[PDB]
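Notes to accompany the following structure.
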Amino acid sequence: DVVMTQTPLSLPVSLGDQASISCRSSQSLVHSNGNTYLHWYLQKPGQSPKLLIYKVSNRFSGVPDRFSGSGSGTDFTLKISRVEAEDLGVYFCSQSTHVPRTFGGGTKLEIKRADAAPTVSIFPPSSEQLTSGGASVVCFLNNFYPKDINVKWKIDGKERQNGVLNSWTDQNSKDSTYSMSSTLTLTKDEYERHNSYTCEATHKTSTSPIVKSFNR
Amino acid sequence: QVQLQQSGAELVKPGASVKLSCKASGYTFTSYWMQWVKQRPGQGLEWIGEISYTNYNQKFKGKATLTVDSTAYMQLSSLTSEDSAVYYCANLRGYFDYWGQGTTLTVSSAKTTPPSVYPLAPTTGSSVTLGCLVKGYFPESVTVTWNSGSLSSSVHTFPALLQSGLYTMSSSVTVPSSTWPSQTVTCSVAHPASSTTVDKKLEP
Ligand SMILES: [Zn+2]
């Protein structure tokens, strides 16, 4: 036990700015031997966590001075001096003063960057998929910012809402933009019955929706 | 340097027991405690135990059973759907912190099923976006590369969604217009559960 709580849960910050992540404990973290075993890790997507700071303010080999830990007893703080795109991920705090060692929930740090409109692309079903009886028509909305975007499928001007799957991408570590795939799947027959397949995206960077279609 | 060699994935039917290993190398095993942590997709991180004088977390009292010795194993017991998470082994001693790659343990009665890979070709522009559609696979864990992985600069891999009991996912890549179809790009999809590896050439 001993619950570690972090605040904030999501922390947006523009490049070059400072970022502060707070972790507080449900009990004092000062061991009877005088050490405070509070630690901070950074978990990047599809990777195990890596240590940044241990025992409140000591850096692990390699970790740059942008990162600094402070705190005492129950309140601890991770500060980042100049956020860089390479810094995005989920920061966790941990304590090993008390058994069982316990972790916090996470503070997903996300970069604030200039607005970007998505670049839509639509692809009709392949011959290969078609010969198997099904037909997925896919649409990619790549490299946009902010993550808020709405996609609409229209089959011959008629809106399609069932059978569509949408997947997002975490903020891209290279340019802080987001991406998304919308996939309308139908049978060969439903597909062969219609003509125009449209992918419409409403994103704030445009008053008028970005549309993309192909006629069969 | 310290290397903690762990299995990549494991699929087991609910109710069975599974024993995950962690091959320690690069250091004298005998000097540091071997820890274990569980992480469920939804971020959360939980400690399970250390070790052959084992010290456990009380919640995982009757689920784990640590053994050792070159290796340290963790045996989980009476698996449920809740038991599907990433399990790591680690040396968490202060300035000495090393984590294994993790072993994804999918607990399911489902049957492994290989992916169907369809190419997605479009036209005009200063660059062209192509992609592949990987559908029908189980369990997750599929890797999609472009040109044996030599094309990485503009690759967006989209998370796997669960459509009708089987996973689906797409990957996209954007190359300059003058290079396609002048040069072919091909996407490689590897589903290890079924020992599948299929390439798909991107033709107009
Ligand atoms: Zn129609």
Side-chain angles (χ1 to χ4, degrees), chain A residues 1-6 23 25-31 33 35-43 47-49 51-56 60 74 76 78 90-107, chain B residues 4 6-7 18-22 24 29 31-39 41-52 55-60 62-64 66 68 71-80 82-100 102-105:
Chain A
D1 223 40
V2 176
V3 322
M4 309 290 294
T5 60
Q6 296 177 227
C23 170
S25 40
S26 75
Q27 278 196 46
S28 176
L29 253 27
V30 183
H31 199 283
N33 64 359
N35 283 344
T36 304
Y37 301 88
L38 189 284
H39 317 306
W40 294 96
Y41 291 88
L42 169 58
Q43 183 169 41
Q47 286 169 262
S48 46
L51 186 63
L52 280 348
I53 287 172
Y54 64 94
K55 297 213 299 164
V56 184
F60 183 74
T74 47
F76 303 94
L78 179 55
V90 174
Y91 296 83
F92 292 108
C93 58
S94 187
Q95 72 80 38
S96 46
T97 299
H98 303 80
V99 185
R101 88 149 58 212
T102 247
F103 298 87
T107 298
Chain B
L4 293 201
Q6 259 183 289
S7 311
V18 63
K19 197 165 73 270
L20 287 20
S21 48
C22 173
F29 201 9
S31 303
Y32 301 102
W33 279 142
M34 182 54 79
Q35 321 279 325
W36 290 79
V37 183
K38 161 182 173 183
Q39 177 173 54
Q43 227 48 230
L45 284 161
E46 308 180 359
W47 185 70
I48 295 172
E50 52 182 57
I51 174 187
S52 302
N55 169 219
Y56 297 78
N57 175 328
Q58 235 58 231
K59 189 173 185 295
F60 296 86
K63 274 206 161 297
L66 313 182
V68 96
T71 17
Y73 311 69
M74 172 169 117
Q75 186 179 134
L76 283 146
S77 299
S78 305
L79 308 159
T80 69
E82 240 261 79
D83 283 44
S84 295
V86 190
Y87 295 108
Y88 307 104
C89 51
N91 282 123
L92 277 20
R93 144 58 211 136
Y95 77 118
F96 195 84
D97 219 81
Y98 292 103
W99 298 62
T103 299
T104 300
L105 196 248

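When reading the values below, keep in mind they use all heavy atoms of this one structure, side chains included, and skip hydrogens, waters and symmetry mates. Every chain is numbered from 1, with letters handed out A, B, ... down the list of sequences.
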Inter-residue atom distance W36(B).CH2 - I48(B).CD1, 0.5 Å rounding: 8.5 Å
Under 3.5 Å donor-acceptor, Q6(B) side chain and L20(B) backbone: no
Inter-residue atom distance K19(B).NZ - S77(B).OG, 0.5 Å rounding: 10.0 Å
Side-chain donor or acceptor of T36(A) paired with backbone N/O of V30(A) under 3.5 Å: no
Side-chain touch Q27(A)/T74(A), heavy atoms, less than 4.5 angstrom: no
Short side-chain donor-acceptor distance under 3.5 Å, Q43(A) and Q39(B): yes
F60(A) ring center near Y95(B) ring center (under 6.0 Å): no
Spacing of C89(B) atom SG and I51(B) atom CD1 [to the nearest 0.5 Å]: 12.0 Å
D83(B) with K63(B): basic N within carboxylate O range, under 4.0 Å: yes
Pair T102(A)-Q95(A), side-chain donor/acceptor within less than 3.5 Å: no
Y41(A) ring center within less than 6.0 Å of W99(B) ring center: yes
Exam field: side chain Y56(B) to backbone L66(B), donor-acceptor pair closer than 3.5 Å: yes
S96(A): partners by side chain to side chain contact (heavy atoms under 4.5 Å, CB included), with sequence neighbours left out: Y37(A), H39(A), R101(A)
Test item: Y98(B) and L51(A) side chains (from C-beta on) under 4.5 Å apart, heavy atoms: no
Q35(B) versus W47(B), side-chain donor and acceptor atoms under 3.5 Å: yes
